[PDB]
């Protein structure tokens, strides 16, 4: 096939001008959506705080309007999911992945409103889930919606505009352009065959989405962690050890979410009413903890800069980890609309910090800073559970700007994803998509 290949080599990277322009508008819309979605979740969390202030005197009345305000919003978002769009529950990524394999449809007329408002419920209620799950599926569907509207044919166009929607959706959500594109290239694209996802085009999307999100969000980082210390060559072996630990806990965490998915299904059976109720119960639990033990509830992004700095006791670090493992499974395995990425960063930071703590004690000759180990571990549950190491390392890189830690960051990431493989564990998004295609056929 030497003569075919010469022909192809000379025709490389010539994405059709129509697809390039369309990628641009998909970016621009996904950014604005992501911005709105963001401004919305904040406002509801904020109203919810102004409620506690009006009743800050009667403590049992306080604990009650904390629970109920998160209960109502939870339910309202659960309900929007089972009633108009059941594939818009959960993360949002197994589906956009499914869509790229041509095995799940992009019902953009239903998913845009459902995921957006159903999300504003669970996240704005203060449940332990992140903003990214939402924006990525939302972005994919928006990519689908401009396909249909401008009626563009091709496999390229369908896959491309789908992919640049999800990528631009991860990008705006995290202020992480590189991470978004790498998330397509390493995790989202169809994994067992060739495809025509123009990468130049996914880029144009990401650019515009990131610009838009910046127009409404300059001067404040999601995570300010400042410049930490370096890591010397004799210190690397410690990161490898931390990596191994994530590698065995990775797959173990993956099993719990999947099993808690089943176990929580037996509570409702499929019944919209039991389910919506169980939703507002969970949500109320979270909105409650959001007052009495805030580190155990919410997106997790808050306690990252703290844990890194070393302002937690080892008791707090252990407490937080256990408590947040519990509430992360509850909110995520339930089926509430919302992502698992952002709480897996928190879970990794906490665990890494606790390891930095013991690393400092045992080795004063190393001159450690527990903070360097938190940064190492932030992207490690992303490595050991969803098995997208290249994506998390660049994600963490962009959010924390600590490049001098690139070596231990990679090292911990590899060890995590090598021990996750070796102990028989599967990528979370891929092993969830699978159980979903296995039900879409079992009923036959």
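Residue numbers count along the first chain shown, from 1.
Look at the C-alpha B-factors of 107 to 115 and of 201 to 209. On average they run higher in 107 to 115. Averaged over their C-alpha atoms, the temperature factors of 42 to 50 and 401 to 409 are higher for 42 to 50. Taking the PDB entry at face value, the top CA B factor among 145, 281, 344, 166 belongs to 281.
The entry lists C-alpha B-factors for 141, 175, 91, 229, and the highest of these is at 91. Sort the chain's modelled residues by C-alpha temperature factor and residue 385 lands in the middle third, per the entry. Among all modelled residues in its chain, residue 187 ranks in the middle third by Cα B-factor. Split the chain's modelled residues into thirds by C-alpha temperature factor. Residue 58 is in the highest one.
In the deposited entry, the Cα temperature factor of residue 196 sits in the top third of values across the chain's modelled residues. Annotation for residue 179: CA B-factor lies in the lowest third of the chain's modelled residues.
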